[PDB]
Every structure is written in C-alpha cells, then in structure tokens.
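Considered here are two forms of the same protein chain, supplied as structure tokens in two stand-alone entries, structure 1 and structure 2.
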Structure 1
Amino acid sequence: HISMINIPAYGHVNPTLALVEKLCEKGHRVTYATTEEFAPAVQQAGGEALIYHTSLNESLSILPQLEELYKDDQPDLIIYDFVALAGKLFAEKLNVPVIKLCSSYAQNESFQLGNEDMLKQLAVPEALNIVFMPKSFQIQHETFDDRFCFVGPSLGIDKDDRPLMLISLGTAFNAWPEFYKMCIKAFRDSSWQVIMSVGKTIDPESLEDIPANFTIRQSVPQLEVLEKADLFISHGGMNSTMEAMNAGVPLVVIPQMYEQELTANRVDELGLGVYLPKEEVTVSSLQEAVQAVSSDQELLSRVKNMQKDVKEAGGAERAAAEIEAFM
C-alpha cells in the first residue's frame, strides 16, 4: 500500500498519474492525498482518491492533520512531491520509508533552487529521488549520484502539409491577453497552422478577427498536439519542456517566474531552442524567434538527441520498478 501526497497543481500532479497507473498494474494499493479538482484524475489512474481541504489557490502545514484522519490505513511507503512537505513530515512521524519526487530540478549539495535569496534542513535528498527529466538536462548533472534516479518525463486534429505550431503559457501564468493578441498578429497571414491554449482566464470568442490558420481553446491535449507539432512556443514549465523533447519538438521559451527562467536558459544553453525574455516579447521578436529555430537543422538534430535521452531515461515504468526495488 503506497501513499502519494502532493500539492494541488497540474505541474506537480501530471507526471504522477502515469506512476500511479504503473504501480496499480503491478498490484499495489496506491492511495493519493489530493484535493477535489484532482480526484477524478488520480482515480482514472486507478488510485485511491483521498480528498482533503487545502484553502490555498508560505509553508501552510495545516494539511498533515487533515491527512492523519487515516491512521487505520497507515502506508508502507510515502511518496511525496518536493514542495509537498506534509508528506515528508508525515513519513517521519511514522518512521515509514519515504521517497522524493522532483517535478522540477533536483537539488543536491552543489545546486539549490534559489536566485541568491535568503528567507527563513529537510531539503536534503532522501534515499531515492525520482526526477522527471533525463540526467543530461539536470543542471550540474555531474555532481548527482545514485540516490537520484533521472527517469525523464512520466507520461501515460487532421493537420496538413504545412508546419504546425503550438502556443501555451501552461496552467498557472496564462493570464496574459496581450501575448495571445501579439501571437495572432505575428502569424495571421503565415504558412504556419497555430493551435493556441489561452487558459480559463481568457475566452476564445473575446479575441477579434481570429485568422483561418489559428485554433484557440481554453485547454488542449498537449501530448496529442506535440506528436504532430513542428514548433512549440512555451513558458518553461518542466512538464511542457520535457514533453516537447519527448516529442522531438524544438522550443521557444518565454518564462514567467524564476524556475521557468532557469529552464529557459537551460534550453538555450543546450541548443534545444531559444529563450525569449517576457519583456522582449513583441510581434517581430515572436516572428524572428520562430523563424530562427524552425530553420535551424542543427538545433533540430540536438532536439532529436534529447528525445533519445528522454526515451532512454525509462519513464514511469523505470520509476515504478525503482520504487518496488526500494521495498
């Protein structure tokens, strides 16, 4: 019986679901402490949905007591997301084995998530640490040892004869209507076919004169669109970045917060795409960026290499195999 404890967010829940499924198809009782918006997703994966009140969209550790209502169903191993500190604490109260999942960058002794910002121990890595990226993409991957398992992404339309482009700012920092308007004007009369995810904050009808080569929706099946996409204007979330590599889709990254800037720079230094800072996003800079990487055959070759790295990392299957072997 394995307990999954995670914060309420797609960027943290999505790579977990494929891991839930794999564990369920090997005969483990996967319980999962989430909220309500995520309960149907964990249960489609075959997990035990344990709805709990969060009332939050710093530490806010008023959830451990809410997830303690189940001492009768005490777990044999707790799996918690790095930001989900409740699971880390809970797992130390029962002295139960515990494993850390890294939906973003892994942190060790040489690298820590922080832009020189001091703000008042548990961040030390556990015995096993599953990171949802290949080793080659982890920052300072040479300083990481065998307690970190880089399994890569954890994953579970008619097109035409023209290049297909996907535009999405993720599921959190998507409230930026000026960007969407600039994208429409940037590729209004182009040969590109655009599929743009606008978020639940904007309404497709609101936008005026929607071009015939554009398709705007509040949400979109990213994975399905990435299998036929030729380019992906993204925001630097780890999931979207790793899903683009899995699909072999080069990137234009426009980050909205610090971590996404790390990834944006990471993508740029690996030659997997272009980092276009938010403050430089214009109609012309969007056109120049898309034109720069879409005609760069060498950059595409490096994207194909990172695709192979992503495949070989193992995915949800190798992650579940590592959890079972961890006993």
Structure 2
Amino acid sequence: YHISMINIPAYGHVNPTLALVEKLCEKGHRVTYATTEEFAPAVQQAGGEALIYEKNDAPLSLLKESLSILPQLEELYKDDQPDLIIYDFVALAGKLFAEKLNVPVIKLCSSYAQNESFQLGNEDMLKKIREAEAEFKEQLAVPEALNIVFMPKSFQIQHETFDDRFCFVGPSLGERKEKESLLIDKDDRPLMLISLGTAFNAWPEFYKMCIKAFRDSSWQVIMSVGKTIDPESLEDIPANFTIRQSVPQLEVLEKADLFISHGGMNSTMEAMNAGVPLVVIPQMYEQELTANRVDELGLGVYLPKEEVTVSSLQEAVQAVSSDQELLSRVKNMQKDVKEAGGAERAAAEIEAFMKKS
C-alpha cells in the first residue's frame, strides 16, 4: 500500500515513527510522510518519501494551526491517495483529512494512550474544554480501531482498561552502528548520564548544581547541556565530567548506570530499553506524569524542580544507584520493553489491520 503517516513538527513524536517507517519499507509499502522541512532529512534515511510543507508556553487553542496544515497538507490529497493513513495523536489534521477521505485510520500514541475509562490532564487542563467554535464545516482524541502506543503495556497508566484496539509495541528503535565509540576501560567507575533535553533551556544553574554535586565523586558524568549553556563559560570543569551540547543517548545509556532526565517519554523509554535507573526532574505536565509513573512503578525517583539542590541531587543519585531491588524492577521493565515487539510488531499489526477491511 501507499501509506501516509501524518505527524506534527516535534522531535519527540517523530523518532518513534522513523523506525516504523524503516520497517515498513523493508516490508515493501511506501510512505508519504508529511513533515516540516526541518524534519524532512531524518525521514529520508529510513526510506519512505515525505513531502515537507513554535514555543508551547501558551495554555490553549493550538489546533487551528493544525487546521492550517490540514489544507496545506491536503493539497497533495489528489495526486497520490492513501489506502491507510497513520496520524500522531496530537496531529489532529491527519484525522480530519482522513475522515474526509474515509481511509482506514491508525492512531499513533507517542505519549500515554487513553481510553473511555481513562483520560489525561487535570481538571484545570480539563477545564479549558474546546470553548470557541469557529465557522467552517466531538471529543478531540478518542480511540481508533487500532492505536499504536510506543511503550510497553505495563508502563501505560491504567493498562488494565485497554483494548485490543491498543498495541503497546514499546519504543521503536532499530539496530544501528554506534556513533559513540566511547572507549577506554570504564574502570568500574559508574557512568551517570545527565540530560534535560529540550526542557529547561533556561536553567543554567542546574548544570552548575550537578557539577557541584558530583565533582570529584565516585561517578563519571556525561552531561548534555544543549544550548542552555556554553561549556566554555564554566571556570573549572572537573576531571570526571564530560560536557557537550549533545551526545548520542542511546549510545551512552547502554553503558550507563544512572540517568538524570526530564521525564520525556522518548528519554524514559530509551532508559528503560537500556535498563538504566532514573532520577526524573520534570518541567511539563506530561513529564510530571511520567516522573510520577517512574516513582510508582519503582523504576527510580521523582525529584521535583523546586527541590533540586546540590544535596537533593546527591541524595537522589545515592538512593537510586544503591537500591538493588529498584535495579531489578528496572531490569524487569527492560525485559517488557523488548518483548513489546517494536516497529516490527507495529508494522505487522498494520498489515494484519488491512486484511480485516
């Protein structure tokens, strides 16, 4: 089939999709992958053909912009047409389009999936409610006949309530050759990864606090600071630290013993796939959920931003990295992450979805 998968312009949502695109073309089908040009090159590598086409601090009304991409993307509606369209759950436009074309739909859940019995967001978030109705042409995100969730089922909140419409394939990570090549003997020195990723780009005191907390400690520390800070700015970088704007995460996680992260779903599932315990410091609401989920599942510790100190970072790292039972549960969750089936099982469920008709 000619498959069209519609996704928003955000890195977090597109990585899980790429490995699926890679698997699909291996199975034979062809994808038109609508995306913003910035995101176009990553699409190409895994195969498929995607034809190209801000800040989220504001509280409501983001879709219309997604309604603006609906026509822009729908210009190609006519030239090549789908037999199956897959849309990221946030990218509303793909359904509208899809509804109009009455093609089978498959929803992508980058983040937790929800069902009638279980919903996401607090009452305050809940309270906003699709208030203004404009003039053109129900519930914003219900479940499609088949929804692929990029996490093991055991990680899903209220996983008991979830249907056969929901396939929990875990993170979609392929098999690839390491960019990192980080090599010297470890020395048996525990490797800590610190990355807040995209969030907290305005909090340089955090990275300074990490340096103060762990300089000249038993740990070896890799700290991805993004452009939040500039490595040269600091007076003295400790010998046991390695500070970059970016690092190959999957790579370092496979050699790490602890991961201080921001609770992004991609970063969390990668840590789970590598079986690395977590200290989660969340910024956005979804991260707060993931941070809570990590805590309740016993996979690590949830360190709220308002409590992050030199001491709290040390205390957290020490508690986590010293709890062997926590390491076991992390291992058990890693095992679930691999059994989840990945892009392989995701692709298979799409093909078997098409036989049903």
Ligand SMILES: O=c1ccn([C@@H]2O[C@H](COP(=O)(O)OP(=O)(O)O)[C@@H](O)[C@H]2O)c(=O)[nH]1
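Here the rigid core means the biggest group of C-alpha atoms that line up within 1.5 Å when the two forms are laid on top of each other. One-based numbering along structure 1's sequence throughout.
Working note: structure 1 is the copy from the form solved in complex with the ligand; the remaining copy is not.
Core-superposed comparison between the two structures: among 171, 256, 108, 136, the single residue whose C-alpha moves by 2 Å or more is 171.
After superposing the rigid core, the Cα of residue 63 is displaced by 2 Å or more between the two structures. With both forms fitted on their core, the C-alpha atom of residue 47 sits 1.9 Å from where it sits in the other form; this compares the forms between the two structures.
Fit the two forms on the rigid core and the C-alpha of residue 240 turns out 0.6 Å off between the two structures.
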